[PDB]
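Visitor: experimental coordinates follow, after the sequence.
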Amino acid sequence: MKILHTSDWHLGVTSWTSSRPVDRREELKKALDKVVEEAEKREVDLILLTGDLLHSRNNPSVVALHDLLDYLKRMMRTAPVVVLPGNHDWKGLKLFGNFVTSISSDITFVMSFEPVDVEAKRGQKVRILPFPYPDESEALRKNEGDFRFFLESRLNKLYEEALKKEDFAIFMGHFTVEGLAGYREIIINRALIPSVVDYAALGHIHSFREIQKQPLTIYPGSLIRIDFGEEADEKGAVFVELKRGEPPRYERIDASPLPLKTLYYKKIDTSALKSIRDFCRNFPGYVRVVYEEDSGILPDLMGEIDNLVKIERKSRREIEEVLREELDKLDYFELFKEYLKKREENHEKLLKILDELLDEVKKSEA
Amino acid sequence: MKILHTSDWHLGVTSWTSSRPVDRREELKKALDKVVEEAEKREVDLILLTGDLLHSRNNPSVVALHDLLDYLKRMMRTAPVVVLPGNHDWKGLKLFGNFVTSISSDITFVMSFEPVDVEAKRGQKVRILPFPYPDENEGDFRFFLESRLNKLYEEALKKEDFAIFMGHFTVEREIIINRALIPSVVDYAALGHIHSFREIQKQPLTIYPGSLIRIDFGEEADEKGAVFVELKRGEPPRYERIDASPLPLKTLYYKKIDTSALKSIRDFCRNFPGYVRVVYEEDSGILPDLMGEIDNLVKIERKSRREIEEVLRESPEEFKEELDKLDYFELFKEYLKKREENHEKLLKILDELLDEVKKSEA
Amino acid sequence: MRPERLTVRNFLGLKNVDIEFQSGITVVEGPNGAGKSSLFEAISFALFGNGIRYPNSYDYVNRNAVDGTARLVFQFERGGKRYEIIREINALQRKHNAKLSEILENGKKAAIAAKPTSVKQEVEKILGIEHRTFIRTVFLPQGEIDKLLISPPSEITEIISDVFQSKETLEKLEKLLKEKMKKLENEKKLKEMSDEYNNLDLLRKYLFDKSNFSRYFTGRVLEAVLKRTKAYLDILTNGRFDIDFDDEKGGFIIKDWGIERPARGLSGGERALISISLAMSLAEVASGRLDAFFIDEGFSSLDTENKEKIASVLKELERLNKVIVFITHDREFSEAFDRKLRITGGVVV
Amino acid sequence: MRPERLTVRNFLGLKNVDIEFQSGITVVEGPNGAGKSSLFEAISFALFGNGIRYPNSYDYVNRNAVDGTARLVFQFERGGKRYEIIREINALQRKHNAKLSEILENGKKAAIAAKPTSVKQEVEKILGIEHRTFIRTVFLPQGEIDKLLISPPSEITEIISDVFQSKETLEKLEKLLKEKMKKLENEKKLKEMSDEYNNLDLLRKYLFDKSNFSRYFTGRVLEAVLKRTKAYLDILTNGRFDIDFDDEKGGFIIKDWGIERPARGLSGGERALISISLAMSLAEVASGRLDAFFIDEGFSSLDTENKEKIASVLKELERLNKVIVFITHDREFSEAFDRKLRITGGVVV
C-alpha cells in the first residue's frame, strides 16, 4: 500500500513577531497544496498526520481551524486519514476529533495508547500502534520512576498488540527520540520502539530526520521554514510504501516553501548596507542579517527592505559555532619543464638542451 | 413524514447568578431526555434544531459542548437531524458543524442563505430554505434581507416533495422580519431564538418551539417542550406539542415582609418542587437570610406598586360585574318548583301565607 | 348606591355637618359619642325613614336642639341617574316631611314622592333593597365581620339566615301554618280538607326543615359568596389568599398560596382584608352590587399595635374604587388615611 | 618562517634595537625615516646578505656609526627546528662575518655555515626560497597590494610573472637562444644542425609565446591563489567576501554574498582585508606557507579617516595566528593595536 506521511504544519503561525511579523499562512497553504496534489497524483492508500498540526495549542485562530479542517477534507478525498494529535488540548479539540472518528471511516483520531484497527483505501488492514502524550497528571513523584516505568509499560503493551496484526502495523508516536539535538518533552529510546512494526511515523520536530531503517522511523518535519534555525533544511512530506514480500521504501516530497538566508557581517558600514540591499532585492525568501562589532547607528533596512525580517548580533564566538592547509610551491623553471612535457610529443628532447642553456647561464654569471 | 422540532436549549446555563446560582444542567438533561424519548417512541422522520442550542455563544464550557454533541448523537440515532445555528452562537461551532455535514447524511449544519437538499429517515426529499443571522446602513440591511427572501422563494418552488423554511430571527442586535416576507410555498417554517412558544401563523405553519426549561421567572406561566409537526402531501400540516416536564417557577408577591409574610414564604417553599422568587413593595427589614434558610428561594426582589400591577396582568373575569341577587323566598319558590312534579299549587299557597303575614304586621 | 352628598342638621349625634363623598376610602373620626356612629345612622334614615337605634321616627332628633326640626338632604347615584332626598322632622310639630326628587342632566329636580311613606316605597323600589336588608348590608360593623370569618358552620348558616330574611317573619309564618293545620285536623268537603291539610302541611315541612331548604339556601352563600370572595381576595391580595368552606373543618377554611392555614395565624391586616372581602361578598350577593360601605373600628383590646398596621393593609380597599368610609374611634387608625374627616362637638373641624 | 628574535645594532636606520616577535599582529612605528622601514631591511639582510636598498653589502652600515661594525642576530623557527644567525659587517675592516647556528632542544647551537656565502646557501636551502623571491613575498608593501587588487588582467599577469622569476633572467635566456639560432642558421653534421635548430627554436617558441606557457602559468595564479584567497576571506570575513578573477571584465571579480561588486565600492578596511588576503595567497603559492608578514602603511592622501577604521578591520588578521607586523608611519594607524613598538632616534622607547 502507498502512504503519504505529513509532519507538523503550524497553521496560522506568525513568524518573527518580535522583529517583523509575517503571516506564513499564504505560503503554508501553497506547500500543503503541493503536498496534497502529490498525494492524489500518486493515489496513496493511507494518509498520516502527526506532530503540531495547529501552531497555537492553547488558542487556535478561527482561520487556523478553518484551514485545518479544510485540508482534513481534501486529505480524506484521496484516502483515509489517521491523525495522531500530540500534547494538544484546546476547546476539546481532542473531543471533536473523537466524535468524527466515530461517524466516519475516512478519518480516525487516535488519542489513547490503545491500538486501533483502521482500513486503507484499497482495503489493506492497517493496525495503528499509538503512543501520544499522556492525559491527566502523572505528578512530580511518579515522573522519575512512574514516568519512565509507565512509558516502558506502554511500549511492552504496544508490542504485544502489534504481534496480533493482520496485514500491516504502523507505529505512531509524539515524542523526542533520545539522541537528537533536543529540538516538557518526552525522551524515548529507539530500542524501546516495537521492532515488529512496518513503519513508525513520528512528529513534533520541524526538521526531517530518518531515525532508523528497522523499523523504518521517520520525522517528516514542517512544510515551511518556520525560522532561520532551519534555513538549510528541505521541507516536505514523506511518501512511504509498505509491501508484504519486500521491505519498506520511501521517497520525500518537496514542498518548496520560500527559502531563508542569513547574511553575516563583521560590521554594518556603507559597503555592508549596499550588500544587504543588493541581496534582498534579488531574493524571493526572507533574510536575516547578523553582525558582531556594532555599526550603530543603523539605517532602517526593515522599513526600506520589506523582506528583511530580522537583524541580530551574534558574538564572534557564537557566529563561529553556528556557522559550523599546506600549499605547494613551484618555481618558474619547474612549471616550464612541466609545460614542455604535456604540450608536445617528446619532452625530454627539449629538456636536455634546456638544462645545457641553464648551465651556460649559471656558469657565465659567477 | 413525522418531524420532531425543538427550540433553543441553553445548555450549561447557570440561572440567577446575581442572587443564587443554580446549575440547570441536571434539569435541562432530564427534559432533553423526555423529549428525545418521545421522538423515538414516535418514530419521527426528521429532527430540526434551531435557536440557541448552547447558552454561552462566546465561551461554551467543555461540559456544555459535551452535552450538545451527546444529544446530537442521540438525536441522529432516531432520524437525520438538521441544525440551523444562529450567528449569536460561537464560531468554532460553525466550522465544526460544516465538517460533520460533509462526512454524514444523518446530520446537516445549514449555515448559509443557500438552500440544501436533505433526505429523511423514510426517504422523503426535504428541501431546507435557510435564513440564518447574516454575518460579517440600516436601509440597505433591510433591502439585503428582503432580497434573500426573494431568493428563498424562487428556490422553494423548485422543490421535490417537502420544503421546510428555517429561520433565526424575531417575527415583527436583533433582526426584525415581516411575516409576509416569509415564503408561502413552504410546508413548514421552523423558527427559534425565543424562549416562549409561539405559533406565529398557520399558513405557512410557523412555530417557535421555545426552551425546554423555564430559564427565568419571566416565563413561569409558560409550557416548555418541543413541537411534533407532521407534513403530508394530500393534507395540510398538523402538529402536537411535547411537554418537557421541567421544574416550575413561582413568584410570591407581598406588600411587606413581616412575621406573617415570613411564615408564608417558608410554608410555601417547603412544599414547592420548583424555584421561588418573592417580590415586595413596602420597605420590610431587615429581612432574615431566607436564601440561607430556604435553599430553593432563588431571588428576592422589590417591584414598585406600579410595576407589580403591570406585570400581574388582568384577571377581571367574574368581577366588577353584576351578580344575580336572589331573595330567600324567591329561592324557596324556586327550590320547591324544581323539586316537585306539581309546584304551581305550593307556590300559590306560599304567596297566600306571605300575604297573610304581611297584613298581620302593619 | 354611590352617596355623593349628605347635609345633616340637628340629627342625633350631629348639629350641622356637610359631607361630600369622594373616590377612594374616607375615614371619619371625632370625640367619642358624637358624629362617628351618628353620621351613618343619618344616611340610613334619609333613604327609607327608620334608622337602627330607635323605632319611632321622632326619636331621631338631636337632644341639643329641642322644639327644633332636623333637616337632612342626600344625593346618591344608583343606576346611572342620581337622586336627591330631603326629609325634615320636628318632635314638637309632630310632623315629618320628605321628597324624593331625582337630579336631571339639565340640573332640575324631578318629583317622585311627596310623603315620607312615598319616598320609602320609591327608594326600596330602587335596587330592590328593603330597609331591613339595607341595615344588614351597606353597614359592616367590624366586630361582626371578624366574627363571621372565624365562625362555626352552625353559627354561619344562622348569619346567612337572618340577613336574607327576618327571623320574626319566619316564626310568624310558622305559627300561622301550624294554626291552619290545627284547624283542619279539628274539622267532598272532607276530601278537600284532607287535600288541603296534606298539601299545606307538606309545604310547611319543606320550608320548616333545616336539612332541606335551609341547607340549600346556605349553599348559595358558599357557592355565591365564596365565588365573589375569591375575586376580592385576588384584586386586593394579588392572588395570595383564597378561601373556601368546609363542614368537616371549623368552617371557612382559608388557604394561603394553595396551603390552608388557621385564620388566627394571619396578621391583623390580613384578617381585616379577608374578612371584609367575604363580608362585601355576602352583602352583595344579598343586595346586588354595592358602591359604598361603612365600617367602624372594633378596637379589640389587644388590637392596638395592629391599629396602625391594619390601617396600612386595609388601604388596598381603595383599589376597588367603591366609596368606602371608616367610622373609627381611635386616632391611630384615623391618622394613616390621607382623606380624613373629624367631627368634634357635632360640627366638623 | 617564524621570526622569534632580531637583535640589530648599527644597521642602517637603526642603532640598537631588541625585538621579540609574538603571536598575532605586531605593529612598529617611529619618527619618519628611521626604525620603521630600516628594521625589516635588517631582517632580510640577516638571512641572505643582500637586502633591498643597496647592492654592495657594506653599504648597509649605519651612517651615524663610521669605522664601526654592524652586528645583527636572528632566531627563527622553520620546520620545527629553530635556527639562529649572527652576521657582523665593518666598512673600515672590509670584512663581513656570519654563522648559521641552529638552536637545539638541549639549548646548544650547532654549526651549519661559517662564511656569509655558506649561510646564504644553507638559508636558501631551507624552504627553497631564494633571496630574490623572499623580497617579493614576506614583505608586502601596501601600495603594491592594493594595486594588485584593482589591477587589469595584463598588468596582473605581469605581476605574477616578475614574482616567480626574474625578468632579467628571461631576457637573457631570450638573447642566448636567439644567438644560438643565428649561429645555426649561419652554419650528417648538416642534418644534426637542422635537428638542433628546429628543436631549440621550437622550445624557444614554447617559452616565448605568452599565448601558451606564460598563459598557463597565469592559470597557476588563478587556480591556486584564488583557491587560497577564498579561504582567507572566509576565516577573516566569516564567509562574507568571495573573490574570483575574470580577464575580460578587468581586475579581480569580487563578490559580496554571491553578488559581485566594484572593489572601489568596498570600505577601506574591506579593501585592506581582501587585498592582503589575495597578497598572502600569491606570496604563499610562490614560497609555500608563510608564518610572518611585513606590511607598511601606504598613507594615501584621502585615506586618513580610514586609517583609524582600517586599523579596526585589519585586526581580524590576528585570527590567522601568523606573525604579522605593520610598519606604519602615522600615529593614528599605530594607536589602535594593543601591541605597539616605537623606535625613536634609532633606539626603541
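Guide: Here it is on my side, so go on. Residues are numbered from 1 along each chain as shown, chains lettered A, B, ... in the order given.

Visitor: okay, which residue is most central for the chain?
Guide: I'll assume chain A. residue A:207 (2.3 Å; Cα atoms, centre = their mean).

Visitor: could you do chain C instead?
Guide: In chain C, the residue lying closest to the centroid (Cα atoms, centre = their mean) is residue C:137, at 2.2 Å.

Visitor: report the separation between it and chain A.
Guide: In this structure, residue C:137 and chain A are 74 Å apart, going by Cβ to the nearest Cβ, to the nearest Å. Quick note: C-beta positions are derived from backbone N, CA and C, even for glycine.

Visitor: my guess is that residue contacts residue C:283. True?
Guide: Yes. When contacts are counted by Cβ atoms under 8 Å, residue C:137 is listed as touching residue C:283 (4.3 Å).

Visitor: overlap in contacts of those two?
Guide: Taking Cβ atoms under 8 Å, 6 or more residues apart in numbering or on different chains as the contact rule, residue C:137 and residue C:283 both touch residue C:290.

Visitor: ok, what's across the strand from residue C:103?
Guide: With DSSP bridges applied, the residues forming beta bridges to residue C:103 are residue C:109.

Visitor: next, the contact list for it, please.
Guide: Applying Cβ under 8 Å, 6+ apart, the residues near residue C:103 are C:75, C:81, C:82, C:83, C:84, C:109.

Visitor: bridged to the third one, which residues?
Guide: If I follow you right, that is residue C:82. With DSSP bridges as the criterion, the beta-bridge partners of residue C:82 are residue C:77.

Visitor: I'd say it and residue C:74 touch.
Guide: No. With contact taken as Cβ under 8 Å, residue C:82 and residue C:74 are classed as non-touching, separated by 10.7 Å.

Visitor: who's more crowded, these two?
Guide: Neighbours per residue, other Cβ atoms under 10 Å in any protein chain shown: of residue C:82 and residue C:74, the larger number sits with residue C:74, 23 against 17.

Visitor: sticking with that one, tell me its helix or strand.
Guide: Assigning secondary structure by DSSP states H and E places residue C:74 in strand C:69-77.

Visitor: now that strand: buried residues?
Guide: Of the residues in strand C:69-77, those scored as buried under the neighbour-count criterion (16 or more other Cβ atoms under 10 Å in any protein chain shown) are C:69, C:70, C:71, C:72, C:73, C:74, C:75, C:76, C:77.

Visitor: so what's the fourth one up against?
Guide: Neighbour list for residue C:72: C:6, C:7, C:8, C:9, C:11, C:42, C:45, C:46, C:86, C:87, C:88 [criterion: Cβ under 8 Å, 6+ apart].

Visitor: ranges for the helices of the stretch 151-300 of chain C?
Guide: Taking DSSP state H, counting those that start in this stretch to define them, one finds helices in the stretch 151-300 of chain C at C:153-164, C:167-186, C:189-208, C:215-220, C:226-235, C:268-287.

Visitor: just those helices: most buried one?
Guide: Each of those was assessed for mean neighbour count using mean count of other Cβ atoms under 10 Å in any protein chain shown. The highest is helix C:268-287, with a mean of 24.

Visitor: tell me the helices and strands packed up against it.
Guide: helix C:131-135, strand C:139-141, helix C:142-149, helix C:153-164, helix C:226-235, strand C:241-245, strand C:292-296, helix C:304-314 (3 or more Cβ pairs under 8 Å, 6 or more residues apart in numbering or on different chains; DSSP states H and E).

Visitor: okay, and the beta partners of residue A:311?
Guide: With DSSP bridges applied, the residues forming beta bridges to residue A:311 are residue A:289.

Visitor: can you report how many residues neighbour it?
Guide: If we define neighbours as other Cβ under 10 Å, then residue A:311 has 19 of them.

Visitor: was I right about it contacting residue A:301?
Guide: Yes. With contacts defined as Cβ under 8 Å, residue A:311 counts as touching residue A:301 at a distance of 6.7 Å.

Visitor: got any residues that touch both of these two?
Guide: residue A:289.

Visitor: residues of the stretch 101-250 of chain C that sit close to chain A?
Guide: With Cβ under 8 Å from any Cβ of the partner chain as the criterion, the stretch 101-250 of chain C does not meet chain A at any residue.

Visitor: residue in the stretch 101-250 of chain C nearest to chain A?
Guide: residue C:239 (47.0 Å; Cβ to the nearest Cβ).

Visitor: measure residue A:4 to residue A:39 for me?
Guide: When distances are taken as Cβ to Cβ, to the nearest Å, residue A:4 and residue A:39 turn out to be 4 Å apart.

Visitor: mind listing the shared neighbours of those two?
Guide: By the contact definition Cβ under 8 Å, 6+ apart, residue A:4 and residue A:39 are jointly contacted by A:47, A:78, A:79, A:237, A:239.

Visitor: mind checking which of those land in strands?
Guide: Secondary structure of the shared contacts of residue A:4 and residue A:39 is defined by DSSP state E; positions in strands are A:47, A:237, A:239.

Visitor: so the first one sits against residue A:80, correct?
Guide: Yes. With contacts defined as Cβ under 8 Å, residue A:47 counts as touching residue A:80 at a distance of 7.0 Å.

Visitor: need the contact list for residue 115.
Guide: Picked chain A for this. For residue A:115, the residues meeting the contact criterion (Cβ under 8 Å, 6+ apart) are A:127, A:128, A:129, A:130, A:158, A:161, A:162.

Visitor: that answer is for a different chain, and I need it for chain C
Guide: Shown here is residue C:115, whose contacts under the criterion Cβ under 8 Å, 6+ apart are residue C:98.

Visitor: same deal with residue A:19?
Guide: Applying Cβ under 8 Å, 6+ apart, we find residue A:19 in contact with A:302, A:309, A:310, A:311.

Visitor: state the distance from the first one to chain D.
Guide: Residue A:302 sits at a distance of 18 Å from chain D (criterion: Cβ to the nearest Cβ).

Visitor: wouldn't that residue be in contact with residue A:311 here?
Guide: Yes. Between residue A:302 and residue A:311 there is a contact at 7.1 Å, judged by Cβ under 8 Å.

Visitor: who in chain A is up against chain D?
Guide: Within chain A, the positions near chain D by Cβ under 8 Å from any Cβ are A:263-267, A:269-271, A:274-275, A:278-279, A:282, A:293, A:319-320, A:323, A:326-333, A:335-336, A:339-340, A:343-344, A:349-350, A:353-354, A:357, A:360-361.

Visitor: now those residues: which count as buried?
Guide: Neighbour counting with 16+ other Cβ under 10 Å marks A:263-267, A:269, A:271, A:274-275, A:278-279, A:319, A:327, A:329, A:332, A:335-336, A:339-340, A:350, A:353-354, A:357 as buried within the residues of chain A next to chain D.

Visitor: and the contacts of residue A:115, which of them are in helices?
Guide: Using DSSP state H, A:158, A:161, A:162 are the members of the contacts of residue A:115 that sit in helices.
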